[PDB]
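So the structure is just underneath, and the comments pick up after that.
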Amino acid sequence: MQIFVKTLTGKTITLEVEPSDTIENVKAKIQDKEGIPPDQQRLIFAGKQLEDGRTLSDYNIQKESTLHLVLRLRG
Amino acid sequence: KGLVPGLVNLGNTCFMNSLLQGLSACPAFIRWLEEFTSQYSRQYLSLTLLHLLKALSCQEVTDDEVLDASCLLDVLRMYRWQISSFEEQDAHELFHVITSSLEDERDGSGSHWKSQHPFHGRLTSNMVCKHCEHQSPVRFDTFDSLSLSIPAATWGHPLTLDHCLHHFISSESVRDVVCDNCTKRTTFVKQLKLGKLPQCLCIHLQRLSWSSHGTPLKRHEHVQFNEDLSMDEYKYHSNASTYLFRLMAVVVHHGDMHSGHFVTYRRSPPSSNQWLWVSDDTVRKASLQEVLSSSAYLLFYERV
Ligand SMILES: [Zn+2]
């Protein structure tokens, strides 16, 4: 299918994914065009921070869905 | 003196203590927790969370009172969020752990006549192909906070929360998306709006960007925000119902990307218009001028 990721600047990129893909696979695809390592990425969907290990099927991410990308600011 | 209890820092735990001071300063959130946990009088995250917030939402009962909130971290460490008990963490990531745990706890609860927690809102996403001008249908997704990108800053050019919000709501060009009319790809126009506003509005100002070189950059720029916030301009529908919000608390991050310290400005509890600077175990009176001059990271607004 095809999903959207709202990036750090607000610009929204398009990704080609499958419902069986893990989000570490998706974080890998965000790295391809944004250069963010997956361990530094936080992907949020429906108010939920997406846990590396699950697939897009467990979160029910369907076509034309918009994920939001934010970094981790420790304190 | 109208001072709240402080919270001990038992190992870089200011990310939790700052969030708890902010959350306890949101009276609608605490009233919802009391309503939600009232069914258990007919373990759980909500009971542990309410015990701390109820105590932090009132003036201290003893002079220089200090509480310990790591019982909360223990239960999250056991069941929701696998982290150490000593490493620095992001207060916004914790906010989403708490908010996800409460939605999961409510989905398993038996009193479904009760409302979702007040931070829960819904955003709209409209999309239209630029080639054929065929508007795709509306997509609503929920949100528990707004993560706003901080635009580029110029000397002498103010940087306002209203600007950050409008940029989050502005339309954009999205290239290489398949169309259902052109069958195709093509370039789409996408825009996010706000469908359902939450009674408690958490605003996350992204103080981490990505540099052109390939490393994170702390955003030190001051973002101007007001005690009063009108959200009418960002609604999807032409709703004639007004949406006025009032500032309850600010979570502030000092330091760089790796190292840092979280602090919180919050209103004093009525047993009003008096403000507090809370840094873990230390609570001081602060003027509204100091609050509005802080470098906000999380902003907690409550609808009036
Ligand atoms: Zn088209």
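FYI, nothing fancy with the structure tokens labels: chains A, B, ... in order, residues from 1 per chain, ligands from 1 as they appear.
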When the cut-off is 7 Å and we count only C-alpha atoms, which residues of chain B are near chain A, given as an MDAnalysis selection string?
chainID B and resid 12 14:15 88:90 96 100 141:144 149 168 174 177 208:209 214 257:262
message = Which of chain A end up as strand (DSSP E) when DSSP is run on this backbone - answer as an MDAnalysis selection string?
response = chainID A and resid 2:6 12:16 42:45 48:49 66:70
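Of the listed residues B:200, B:194, B:244, B:189, the one whose atoms come nearest to ligand 1 is B:189, with distances taken using only C-alpha atoms and all ligand atoms.
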Test item: residues lying within 6 Å of ligand 1 with only C-alpha atoms and all ligand atoms, as a PyMOL selection string: chain B and resi 129+131-132+134+179+181-182
Using only N, CA and C atoms, please write the residues we just selected to a file, as a tab-separated table (two decimals), in the first residue's frame.
chain	number	residue	atom	x	y	z
B	129	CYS	N	-5.86	15.60	-5.75
B	129	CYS	CA	-4.87	15.50	-6.81
B	129	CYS	C	-4.76	16.83	-7.54
B	131	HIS	N	-3.49	17.19	-10.55
B	131	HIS	CA	-3.69	17.00	-11.98
B	131	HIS	C	-5.17	17.02	-12.35
B	132	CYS	N	-5.99	16.23	-11.64
B	132	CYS	CA	-7.39	16.08	-11.98
B	132	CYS	C	-8.34	16.76	-11.00
B	134	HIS	N	-9.45	15.91	-8.07
B	134	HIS	CA	-10.40	14.97	-7.48
B	134	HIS	C	-10.07	14.85	-6.00
B	179	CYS	N	-3.09	8.15	-7.57
B	179	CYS	CA	-4.42	8.73	-7.65
B	179	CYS	C	-5.42	7.64	-8.01
B	181	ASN	N	-8.25	8.47	-9.59
B	181	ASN	CA	-8.87	8.95	-10.82
B	181	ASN	C	-7.93	8.78	-12.01
B	182	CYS	N	-6.75	9.39	-11.94
B	182	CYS	CA	-5.72	9.16	-12.94
B	182	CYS	C	-5.16	7.73	-12.89
Here CA of residue 34 (chain B) and CA of residue 299 (chain B) stand apart by 22.8 Å
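Interatomic distance, CA of residue 111 (chain B) to CA of residue 41 (chain B): 12.3 Å.
Among the candidates B:228, B:290, B:221, B:281, the one nearest to residue 7 (chain B) when counting only C-alpha atoms is B:281.
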Just list the residues in region 137-209 of chain B DSSP gives helix (DSSP H, G or I) on the backbone, as a PDB file with C-alpha atoms, in the first residue's frame.
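The new file result.pdb reads:
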ATOM      1  CA  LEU B 161       2.911  29.586  18.959  1.00  0.00           C
ATOM      2  CA  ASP B 162       0.234  30.819  16.545  1.00  0.00           C
ATOM      3  CA  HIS B 163       2.807  30.655  13.743  1.00  0.00           C
ATOM      4  CA  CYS B 164       3.790  27.105  14.707  1.00  0.00           C
ATOM      5  CA  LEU B 165       0.108  26.129  14.738  1.00  0.00           C
ATOM      6  CA  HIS B 166      -0.669  27.683  11.345  1.00  0.00           C
ATOM      7  CA  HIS B 167       2.353  25.917   9.845  1.00  0.00           C
ATOM      8  CA  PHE B 168       1.022  22.632  11.240  1.00  0.00           C
ATOM      9  CA  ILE B 169      -2.348  23.435   9.622  1.00  0.00           C
TER      10      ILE B 169
END
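Closest approach to residue 63 (chain A) among A:18, A:24, A:32, A:39: A:18, based on only C-alpha atoms.
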Computed gap from CA of residue 210 (chain B) to CA of residue 120 (chain B) is 28.5 Å
Near residue 58 (chain A), within 12 Å and counting only C-alpha atoms, which residues show up once chain neighbours fewer than 2 positions away are dropped, as a list in words? residues 19, 20, 21, 22, 23, 45, 48, 50, 51, 52, 53, 54, 55, 56, 60, 61 and 62 of chain A
Grab the residues selected above and save them as a compact mmCIF listing (two decimals), in the first residue's frame with N, CA and C atoms.
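Contents of the output file out_36.txt:
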# COMPACT_ATOMS: atom_id res chain seq x y z
N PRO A 19 1.03 -4.16 4.72
CA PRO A 19 0.51 -4.37 6.08
C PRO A 19 1.33 -5.36 6.89
N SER A 20 2.12 -6.23 6.25
CA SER A 20 2.96 -7.18 6.96
C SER A 20 4.30 -6.59 7.39
N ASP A 21 4.64 -5.38 6.94
CA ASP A 21 5.92 -4.79 7.28
C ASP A 21 5.96 -4.38 8.74
N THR A 22 7.11 -4.62 9.38
CA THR A 22 7.35 -4.07 10.70
C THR A 22 7.68 -2.58 10.58
N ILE A 23 7.55 -1.87 11.70
CA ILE A 23 7.86 -0.45 11.68
C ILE A 23 9.35 -0.18 11.76
N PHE A 45 1.20 7.21 15.84
CA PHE A 45 -0.01 7.03 15.06
C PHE A 45 -1.18 6.88 16.02
N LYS A 48 -0.57 6.88 19.56
CA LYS A 48 0.24 5.78 20.07
C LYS A 48 1.64 5.86 19.48
N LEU A 50 4.71 4.02 18.20
CA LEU A 50 4.76 2.71 17.58
C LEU A 50 5.98 1.93 18.05
N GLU A 51 5.75 0.69 18.51
CA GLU A 51 6.77 -0.14 19.13
C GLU A 51 7.47 -1.00 18.08
N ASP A 52 8.77 -0.78 17.91
CA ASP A 52 9.55 -1.62 17.00
C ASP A 52 9.43 -3.08 17.40
N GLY A 53 9.01 -3.91 16.45
CA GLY A 53 8.74 -5.31 16.72
C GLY A 53 7.38 -5.71 16.18
N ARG A 54 6.41 -4.81 16.30
CA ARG A 54 5.09 -5.04 15.73
C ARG A 54 5.09 -4.71 14.24
N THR A 55 4.04 -5.14 13.55
CA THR A 55 3.84 -4.75 12.17
C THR A 55 2.77 -3.67 12.09
N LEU A 56 2.56 -3.15 10.87
CA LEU A 56 1.49 -2.19 10.66
C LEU A 56 0.11 -2.83 10.77
N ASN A 60 -3.27 -1.51 12.82
CA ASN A 60 -4.33 -1.28 11.83
C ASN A 60 -4.05 -0.03 11.00
N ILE A 61 -2.81 0.13 10.56
CA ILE A 61 -2.44 1.24 9.69
C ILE A 61 -2.83 0.86 8.26
N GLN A 62 -3.80 1.57 7.70
CA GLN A 62 -4.31 1.28 6.37
C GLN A 62 -3.74 2.27 5.35
